[PDB]
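Visitor: Residue numbers (PDB author numbering), protein chains in the order written: chain B, 2 to 346; chain O, 3 to 203; chain H, 1 to 190.
Positions of the beta carbon are idealized from the N, C-alpha and C atoms, including for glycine.
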Amino acid sequence: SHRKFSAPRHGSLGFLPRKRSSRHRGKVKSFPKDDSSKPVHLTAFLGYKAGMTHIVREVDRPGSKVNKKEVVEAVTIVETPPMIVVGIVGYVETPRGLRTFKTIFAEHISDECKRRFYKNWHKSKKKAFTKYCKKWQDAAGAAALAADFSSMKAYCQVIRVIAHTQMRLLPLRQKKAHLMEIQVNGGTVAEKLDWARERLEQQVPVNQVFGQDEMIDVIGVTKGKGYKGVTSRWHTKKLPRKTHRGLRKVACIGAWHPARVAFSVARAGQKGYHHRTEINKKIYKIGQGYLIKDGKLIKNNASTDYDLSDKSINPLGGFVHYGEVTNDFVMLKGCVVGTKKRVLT
Amino acid sequence: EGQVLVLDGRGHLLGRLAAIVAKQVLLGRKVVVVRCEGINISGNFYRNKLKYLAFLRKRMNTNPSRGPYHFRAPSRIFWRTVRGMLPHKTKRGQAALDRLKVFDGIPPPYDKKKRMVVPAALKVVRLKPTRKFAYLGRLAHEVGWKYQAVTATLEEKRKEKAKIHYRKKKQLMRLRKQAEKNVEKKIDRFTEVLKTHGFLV
Amino acid sequence: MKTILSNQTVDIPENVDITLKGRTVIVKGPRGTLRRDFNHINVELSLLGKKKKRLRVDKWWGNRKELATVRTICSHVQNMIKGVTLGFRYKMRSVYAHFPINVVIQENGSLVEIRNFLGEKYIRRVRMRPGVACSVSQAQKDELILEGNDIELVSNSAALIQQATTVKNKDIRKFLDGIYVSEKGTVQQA
RNA sequence: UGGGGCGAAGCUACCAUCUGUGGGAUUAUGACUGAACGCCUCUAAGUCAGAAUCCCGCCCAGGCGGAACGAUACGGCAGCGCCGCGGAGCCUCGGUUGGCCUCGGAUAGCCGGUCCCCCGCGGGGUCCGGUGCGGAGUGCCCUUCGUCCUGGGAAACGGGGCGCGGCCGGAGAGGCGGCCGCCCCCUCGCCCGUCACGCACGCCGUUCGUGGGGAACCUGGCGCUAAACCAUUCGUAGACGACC
RNA sequence: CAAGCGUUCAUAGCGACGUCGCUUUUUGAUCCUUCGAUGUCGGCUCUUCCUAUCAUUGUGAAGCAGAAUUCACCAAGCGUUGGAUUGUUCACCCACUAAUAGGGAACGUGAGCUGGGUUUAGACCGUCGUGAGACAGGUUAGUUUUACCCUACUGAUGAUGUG
RNA sequence: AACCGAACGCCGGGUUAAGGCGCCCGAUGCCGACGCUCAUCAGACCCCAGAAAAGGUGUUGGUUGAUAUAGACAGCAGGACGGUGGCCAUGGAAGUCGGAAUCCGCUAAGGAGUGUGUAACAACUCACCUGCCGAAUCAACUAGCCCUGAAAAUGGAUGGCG
Ligand SMILES: [Mg+2]
Ligand SMILES: [Mg+2]
Ligand SMILES: [Mg+2]
Ligand SMILES: [Mg+2]
Ligand SMILES: [Mg+2]
Ligand SMILES: [Mg+2]
Ligand SMILES: [Mg+2]
Ligand SMILES: [Mg+2]
Ligand SMILES: [Mg+2]
Ligand SMILES: [Mg+2]
Ligand SMILES: [Mg+2]
Ligand SMILES: [Mg+2]
Ligand SMILES: [Mg+2]
Ligand SMILES: [Mg+2]
Ligand SMILES: [Mg+2]
Ligand SMILES: [Mg+2]
Ligand SMILES: [Mg+2]
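1. Does residue 32/B have its Cβ less than 7 Å from a Cβ in chain O?
2. Tell me whether residue 7/B, by its Cβ, gets closer than 6 Å to a heavy atom of ligand 1.
3. Can you list, in chain order, the residues of its chain with a C-beta nearer than 8 Å to that of residue 164/O? Leave out the 5 residues immediately preceding and following it.
4. Enumerate, from N- to C-terminal direction, the unbroken beta strand (DSSP E) stretches of 3 or more residues contained entirely within the region 71-144 of chain B.
5. What three-state label does DSSP hand residue 218/B in the structure shown?
6. Around the Cβ of residue 203/B, are there at least 16 other Cβ atoms within 10 angstroms (buried) or fewer (exposed)?
7. Output yes or no for whether 7 Å exceeds the beta carbon distance between residue 55/H and residue 70/H.
8. Return no unless some Cβ of chain B is closer than 7 Å to the Cβ of residue 152/O.
9. Rank 38/B, 327/B, 195/B by C-alpha distance to the C-alpha of residue 299/B and give the top, closest one.
10. Indicate whether residue 93/H and residue 182/H have their beta-carbon atoms separated by less than 7 Å.
11. Keeping to the same chain, check which residues put their C-beta closer than 7 Å to that of residue 90/O; ignore five residues upstream and five downstream.
12. Quick one: which chain B residues come within Cβ less than 7 Å of residue 106/O?
13. Does residue 228/B come out as helix, strand or coil in the three-state DSSP assignment?
14. I need the boundaries of the alpha helix (DSSP H) containing residue 164/B, first residue and last residue.
15. Which same chain residues end up closer than 6 Å to residue 167/H when comparing Cβ atoms and leaving out the 5 residues on each side of it in sequence?
16. Just to confirm the assignment: which complete alpha helix (DSSP H) runs, minimum length 4, are found wholly within the region 164-211 of chain B?
17. If we call anything under 7 Å between Cβ atoms a contact, is residue 182/B one with residue 160/B?
18. With DSSP collapsed to three states, give me the class of residue 125/O.
19. Can you pull the chain B neighbours of residue 66/O, defined as C-beta to C-beta under 9 Å?
20. Compare the beta carbon distance of residue 83/O and residue 17/O with 7 Å and say whether it is the shorter of the two.
21. Assuming residue 11/O contacts residue 27/O (C-beta within less than 8 Å), just tell me the rounded distance between them.
22. Residue 83/B and residue 149/O look like a contact to me (Cβ under 8 Å); what is the Cβ gap, rounded to whole Å?
23. One question on the structure: do residue 33/O and residue 7/O come within less than 7 Å of each other, judged by their Cβ atoms?
24. Which runs of the beta strand (DSSP E) spanning at least 3 residues fall entirely within the region 50-130 of chain H, listed in chain order?
25. With H, G and I counted as helix, E and B as strand and the rest as coil, what does DSSP make of residue 136/O?
26. Out of curiosity, what's the CA-to-CA distance linking residue 186/O and residue 34/H?
27. Is the shortest distance between the beta-carbon of residue 261/B and the beta-carbons of chain O less than 7 Å?
28. With which residues is residue 133/H paired in a DSSP beta bridge?
29. Give me the residue from 203/O, 130/O, 110/O with the minimum Cα distance to residue 44/O.
30. Return the CA-CA distance between residue 15/H and residue 161/H, expressed in angstroms with no decimal places.
31. Of all the options 96/H, 130/H, 136/H, which has the alpha carbon lying nearest to the alpha carbon of residue 112/H?
32. Does residue 200/B pass the burial test, meaning 16 or more other C-beta atoms within 10 Å, or should it be called exposed?
33. In angstroms with no decimal places, state the Cα-to-Cα distance between residue 48/O and residue 72/O.
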């Protein structure tokens, strides 16, 4: 017999191998469509979550009840010091998918970047990238990187730029940088390459990638919550106070005919630590780190022109539960996925 | 015959071909069907789309990741149809399928090999000219390929290339024929003995 | 019953020069050149008349339903000839009670721009097909002129704006407004 | 948890806050051209518009599915990768010339040649001339298959030394070609003489792709010179396991 | 099919006398399976499917001017609520809306619950019985097991393969 | 189970029944006949495992009746009148809500009317009859094949593949 009294399902399936994520720096899954006409830019970056705050903006939505009123918007602040480009990488299109030719990273490399290779390192001899580098100065420094780029010019189509974060600058206890390919959505390969050629080894800050008031999408991993019963996980009903064996459950899993519990019935399971792509968040402010020309500029952070104090976004006693944001943040409308200190793509 | 087979899927009939492939796979002969986008089907476009979409609804309710795999690439689609004509539960049937091999477009090694055509699965022969149809390419697209565009642009790139070879090969034959005439009185009593027992007339 | 033969000759004028690539007829006269493929219909197109006087379409081992088509090819060919000699002109007269349908062509032909049909704020836009030169008439009040060589192309394009202009959730017995075709003719008449 | 105010941290609530994103095929339907059916016709051959549909895209998982590139065990005893070229021996098998290429049309094609014309040795065009139950035919082409003698003719610079360096071209999942110097060596396809090769005394797995695939060990040259896991710590995570 | 209604007019909408079907959400027949007993009514929760479309998208109808409305097509994409009474399924009313469509899955779902009703043993009235006692005639009290085992599913380690 | 053939010591060869013969899967890897149909739900075998009245110029055959070089059919042009507010009905019905009826002239041919519609006309149209064209045309039945009628619940079965 039918359900007497209809209702929506509890919690979407288009979402549902609700497992502990296999990765942790939010992997970008789709890089925007490179229209070959507009200039070369990077399409992504890699900040990290600090904390949050009361922003007060004047509004300009003619028609609304709040035309020209003050409102407070809750905002995150994403600590985003500049990212170094180490290596470039070329993808060719195929019937079978999108295979990768030729990864080439720089002479030099870094040391934080090294970290994101050999698991336990104080044990290691730190040998990574020691015979690669040797190529950035000889006769075979002209073969396998020159004939190579010529190759990546010829047959290749889509070019990303491997870039490692500067972990050192942060208050995190972490020293292990966050490498990621960031696609270049430029105009034409070669132009989209004699450029990455040039930005090897080189600082890349947030004001290249991003503009203040661009809608962006944040890609990161949900804040962890352990095993949860069905009522916390799938957010179901509770059964009444009477029930002999547990009231934080689902009564009926299935009909004693499709003789399997289904796909799509509510269950106990890992909640949180899930990968998630949140979209279309606004940038309220692109920041600037407190740098020196004489004696600090803490001012150049939270000092809007309509108040002109000398604040840093750092509240009194840090962003509780990591620390002080000492370089370029981006201030994002509302809340973003993930806990504090979290790598946020 | 012996050795590896290469069949050029274009202009064939999806299952009519696959029955012939599958017979020879079971006789130990290695077949390689190529260019499966080109493979075509009797009945009008939509008919077989509608018939495919019927497939896609067939799906193991209690978990679908177990349930039937409705592969979308024509290679894969055809494989399926060949496979249904093998006894693939058993060891000889899986050992059979391994002798098959199937591509969308026409790849390395197989660009570079001459390649054959089953007239008894060939559309112009098997069908009437006043009847309608799908290309498994377009069918495959509207069902969830991602790679009709790519395997187009690559095949156009291959065609342009292959044309060069065809033209250079064309130019060697013109040399052969001119060099027969430029030496036809010290091979004029060998060519004799050719044309006498049939060869070369 | 299969009919051994059916055929038809199109009488081609002295102006035009058709030249058929196998089955594909191309036609060039004064106005321009048209092309069309009968790579479906399956017939034998001969150009028997010397100097150049006859297209003859055969059909040959054909049953009833393909015998039909002898005459249809024969038509799209006359219909080309009239197009490349004379050229067609569909006129379409806007119609109303009240809100003046307010047309404005906007590259050359191409964009036919329609404010105010029935007080509607949404400005309907309509593309023409290639080779179809729309233009607002004169010597008459609410009246477009769609000029082109190709019947096929000229009459989708009539119909596109004739159908873009349709009322909804009313009596279309009563609400007799929109733009619609009044006169299918030619540019030059002879 | 003696009681109760207030209460950081942490969980957590349309009880606070933030964010929910795009294409394609077309149904019904509406249409264009237009046949049957010397008219009319949404259709018989052709087209067009068309959605909470369907499929896809963003989104989530990620294969007895692949990618790229890092480093490759100094040693106190180690063990290997190449490269080449050397000697035995478990085993697991299938095979027993190759074919090195257009595109597609099918009530049509193939090729030649352009005198002529346009484009980038090529491509396109036009004219003519041949083939088209196809003879620069997958009914297809090629290459040979007992050995060497030597002493004529026909044929004469062909081939070789894992002969040796350089420049190409080829990337869809290349794995292959191609094209240039120099050393030494050899003189082979077809006719013929002319002799020869254990002639095993009618007998079977004969012949090769075979320096197969893989698993164990005897020579030289050049390079090499760890990471992983545990323990510890941290928590970004928690049952334990897993992870940062 | 079709006699009628519909001012007129068969067939916008309807439609008699007849007649051809489906359907298994109604009850019957039947007695094929189970009596070394498959938990026997309702409610809650929770999935999924069907369409026999109540809403909404796109459409064709009307006796469609608008407004409002019914007929029908693709169509099952997302909807179908809060209560008073009632063991109830079933009902009726208030209320909201956009709708308050209809159904299936062992008459979906007792090692999910509850146990209100059925349907033990205690009791009470009605009637019948001479009586023990009977009564789809009323009424109040009445123990609701066991998961560790294979499976499905949800997560979690992992696995041969890639030196 | 129960249909069809066929009744079974254990084997080699040959041969068959009922069945089959793209491939699963043995056999058509006949240069097999002659047909019919294209299904936006095809069809595809005695039980047995699906449909009906009823539809259906979807196409193919008949059957019968028609029409016509005195030149039809179809197409484009002209008339479609008068005797005549004919009679009943008046509420209007002069051809026309309805009916008895109900026939001549001009004839060419025009029904005292098929309809639109009009309160009634008109105005329009249709029978009838002409003008223009050139040879086959039309109607009712009846069958063959397909289309519709045709709507169900874990996903989906000519056996599957096709
Ligand atoms: Mg419901
Ligand atoms: Mg209890
Ligand atoms: Mg209305
Ligand atoms: Mg569309
Ligand atoms: Mg249509
Ligand atoms: Mg369209
Ligand atoms: Mg009546
Ligand atoms: Mg039991
Ligand atoms: Mg329906
Ligand atoms: Mg209640
Ligand atoms: Mg039940
Ligand atoms: Mg129980
Ligand atoms: Mg149960
Ligand atoms: Mg009780
Ligand atoms: Mg009792
Ligand atoms: Mg008493
Ligand atoms: Mg008594």
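Guide: Based on what the coordinates show:
1. Chain O, which has no Cβ nearer than 7 Å to the Cβ of residue 32/B, makes this no.
2. Answer for residue 7/B: yes, Cβ within range of ligand 1.
3. Excluding residues within five positions, the ones whose Cβ falls inside 8 Å are 113.
4. The region 71-144 of chain B contains these whole beta strand (DSSP E) runs: 71-80, 84-92, 101-106.
5. Here residue 218/B carries a strand assignment [DSSP, helix/strand/coil].
6. Within a 10 Å sphere around the beta-carbon of residue 203/B sit fewer than 16 other beta-carbons, which makes this residue exposed.
7. Contact flag unset, no.
8. Judged by the 7 Å Cβ criterion, residue 152/O is in contact with chain B.
9. Out of 38/B, 327/B, 195/B, 327/B has the C-alpha closest to the C-alpha of residue 299/B.
10. Contact: yes.
11. Closer than 7 Å at Cβ, skipping near neighbours: 96, 99.
12. Those within 7 Å of residue 106/O in chain B are 96.
13. DSSP places residue 228/B in strand when its eight states are reduced to three.
14. Looking at the DSSP string, residue 164/B is not in any alpha helix (DSSP H); the run it does join, the beta strand (DSSP E), is 159-165.
15. Excluding positions up to five away in sequence, the list reads 175.
16. As far as the region 164-211 of chain B is concerned, its whole alpha helix (DSSP H) runs of at least 4 residues are 197-200, 207-210.
17. Contact check for residue 182/B against residue 160/B fails: the beta carbons are separated by 7 Å or more.
18. Shown here, residue 125/O sits in a helix according to DSSP, grouped into three states.
19. What residue 66/O touches in chain B: 264.
20. It is a contact, given that the beta carbons lie within the stated cut-off.
21. Your pair residue 11/O and residue 27/O does not check out as a contact, with CB atoms roughly 15 Å apart and the cut at 8 Å.
22. The distance from the Cβ of residue 83/B to that of residue 149/O is about 38 Å, inconsistent with a contact at the 8 Å cut-off.
23. Judged by their CB atoms, residue 33/O and residue 7/O are nearer to each other than the 7 Å cut-off.
24. Assignment of beta strand (DSSP E) within the region 50-130 of chain H, counting only whole runs of 3 or more residues, yields 54-57, 88-95, 102-105, 111-115, 124-127 in chain order.
25. DSSP places residue 136/O in the strand class (E or B) of the three-state scheme.
26. Distance from the CA of residue 186/O to the CA of residue 34/H, rounded to the nearest whole angstrom, comes to 52 Å.
27. Taking Cβ atoms only, chain O reaches closer than 7 Å to residue 261/B, which makes this a yes.
28. Bridge pairing for residue 133/H: 147/H [DSSP].
29. For residue 44/O, the closest C-alpha among the options 203/O, 130/O, 110/O is that of 130/O.
30. When only Cα atoms are considered, residue 15/H and residue 161/H end up about 33 Å apart.
31. Out of 96/H, 130/H, 136/H, 136/H has the C-alpha closest to the C-alpha of residue 112/H.
32. Buried, because 16 or more other Cβ atoms sit within 10 Å of the Cβ of residue 200/B.
33. Taking the straight line joining both Cα atoms gives about 18 Å.
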